[PDB]
């Protein structure tokens, strides 16, 4: 009844989409969610609406959208809330737009390990 939609920027390069896909897989391996889909905002497929529709077609009534972005930007405050009709497609269900990653202590952990070539 719950779906998690991971949402990302998307580049013309494939790294960004690879990143989303690997992330989705790892959350699948954690078995917390019935439905788990990804969506990219620009120049990639599947797109955010495609992902939301795909979640709904699988019968999800609460769609948790997580913006996989470090910080808030135009994308997280305008475009995505727009694409989800949260501002200014979906019937019956409620979309739950979550927060970005932000300056989480676990990121400073990752940054340090990254600094040391680890």
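Numbering follows the first chain given and starts at 1.
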| property | result |
| --- | --- |
| Unmodelled stretch of the deposited sequence separating residue 88 from residue 89, binned as none, 1 to 3, 4 to 9 or 10 or more | 10 or more |
| Average Cα temperature factor in the PDB entry - higher stretch of 91 to 99, 20 to 28 | 91 to 99 |
| Segment of higher mean CA temperature factor, 40 to 48 or 66 to 74 | 40 to 48 |
| Third of chain Cα B-factors occupied by residue 5 | lowest |
